[PDB]
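Participant: Sequence first, structure after, both from an experimental entry:
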Amino acid sequence: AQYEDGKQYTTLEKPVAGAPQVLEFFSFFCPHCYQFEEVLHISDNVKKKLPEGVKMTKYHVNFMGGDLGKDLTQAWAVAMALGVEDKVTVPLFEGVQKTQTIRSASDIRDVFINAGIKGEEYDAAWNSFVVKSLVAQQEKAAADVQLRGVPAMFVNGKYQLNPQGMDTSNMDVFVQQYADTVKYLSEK
């Protein structure tokens, strides 16, 4: 066929019931994730091709960057609760991977303050039980699908994107193939 299990995607032998429709995992320590975000705009291009009614979920993971990695997952929880993902995503990537000015929870916090979130509002979110369960959700969702690598995308808790099996000669062609695959998997 044109889309084949084991080529543009793999199928989970252990499907996950009740999973978000489009589920994406990343780490701010993850170099391909930086590319996916800053250079390729994968999330955005997938959205642009997704049907009517489909919601898109993105979670951070703990297994990179040890102690700071966990801080980053809680911070991404803060970002989701406050609805400020689009204002911190880029400076978080660049702070971890480009300038290397993020070395502590306090440095992560600075990124939010500079993005205009108020100190008191950030510290309140950081410490809130709503953020605790949002951290729990991120971990549970990664736990459910056996996740040992990022970037990763899962469709309807049963299919996993396999970007290794796509053209990387052209960056735009790669993205379109990737998104069209999400749309195909989505309609399955």
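Facilitator: That came through fine. Numbering: from 1, shown residues only.
Participant: Please, where are all the strands along the chain?
Facilitator: 9-11, 22-26, 56-60, 152-155, 159-161 (DSSP state E).
Participant: What residue, apart from its backbone neighbours, is nearest residue 184 spatially?
Facilitator: Spatial nearest neighbour of residue 184, chain neighbours left out: residue 3 (5.3 Å); criterion: CB to CB, 6 or more residues apart in numbering. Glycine gets a C-beta too; all of them are placed from N, C-alpha and C.
Participant: Actually, residue 112.
Facilitator: Leaving aside its chain neighbours, residue 112 sits nearest to residue 122 (5.0 Å; criterion: CB to CB, 6+ apart).
Participant: ok, now which ones touch the one you found?
Facilitator: Residue 122 is in contact with 78, 82, 109, 112-113, counting by CB atoms under 8 Å, 6 or more residues apart in numbering.
Participant: List phi and psi for residue 28.
Facilitator: Dihedral pair for residue 28: phi -70, psi -10, per degrees, to the nearest 10.
Participant: do residue 151 as well
Facilitator: Torsion angles, degrees, to the nearest 10, at residue 151: phi -70, psi 160.
Participant: since we're on it, how many residues are nearby?
Facilitator: 23 (other CB atoms under 10 Å).
Participant: residue ranges for the helices of this structure, please.
Facilitator: Here the chain has its helices, by DSSP state H, at 31-34, 42-49, 66-82, 85-93, 105-114, 119-127, 129-144, 171-186.
Participant: Can you give the distance of the third one from its chain's centre?
Facilitator: For helix 66-82, the distance between its averaged C-alpha position and the chain's averaged C-alpha position is 12 Å (CA atoms, centre = their mean, to the nearest Å).
Participant: ok, and what's touching it?
Facilitator: Residues outside helix 66-82 that contact it (CB under 8 Å, 6+ apart): 27-29, 59-63, 65, 85, 88-89, 92, 96, 102-105, 108-109, 112, 117, 121-122, 125-126, 128, 130-131, 134-135, 138-139.
Participant: Filter these down to the buried ones, ChimeraX style.
Facilitator: Remark: buried members of the contacts of helix 66-82, expressed as a ChimeraX selection using 16 or more other CB atoms under 10 Å:
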select :27,28,29,59,60,61,62,65,88,89,92,96,102,105,108,109,112,117,122,125,126,131,134,135,138,139
